[PDB]
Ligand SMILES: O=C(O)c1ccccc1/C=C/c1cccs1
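Just one chain is shown here, as structure tokens, and it is the form deposited without this ligand.
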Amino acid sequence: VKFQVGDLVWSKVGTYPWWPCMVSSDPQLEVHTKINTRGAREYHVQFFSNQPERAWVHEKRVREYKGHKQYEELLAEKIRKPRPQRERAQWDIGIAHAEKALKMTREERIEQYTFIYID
């Protein structure tokens, strides 16, 4: 286990670009990490954005978030894909939250950002 609740990370999921997140406990499993049905470790994350979104993400697609400028180093992991405006706008909002979260303590981030789940 490389990440704990409140850690800031980048997550790469499906068709989405590397996205700023906060590791969090799954609202049902009450764990932030697990071994999946293929035998691989995953982490539970909240994506930073205007709309609350969460996912279980494979450990190979989770990276420590040190700052927004790391994005260039992640793409590298010339021909470049364009940045679709609608997604770019949502990603910019997410990054603004992650940049504010970076200035907080782990306890502050947990208090400030942990989602509330309603049945």
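So that the term is clear: the rigid core is the largest set of C-alpha atoms that superpose within 1.5 Å between two forms. Shifts are known only where both forms have a C-alpha. Residue numbers run from 1 along the displayed sequence.
Heads up, the form deposited with this ligand bound isn't pictured, but that's what we're talking about next.
Placed here by superposing the C-alphas around the site, this ligand (as posed in the deposited bound form) has at least 3 atoms within 2.4 Å of backbone or C-beta atoms: blocked pocket.
Of the candidate stretches 88-96, 36-44, 23-31, 66-74, only 88-96 has residues whose heavy atoms lie within 4.5 Å of this ligand in the deposited bound form. With a 4.5 Å cutoff on heavy atoms, residue 113 counts as touching this ligand in the deposited bound form.
Shown here without this ligand, the chain has only 50 in 50-85 lying with a heavy atom within 4.5 Å of that partner in the deposited bound form. Segments of at least three consecutive residues in which every Cα is displaced by 2 Å or more between this form and the one not shown, once the core is aligned, occur only at 49-51.
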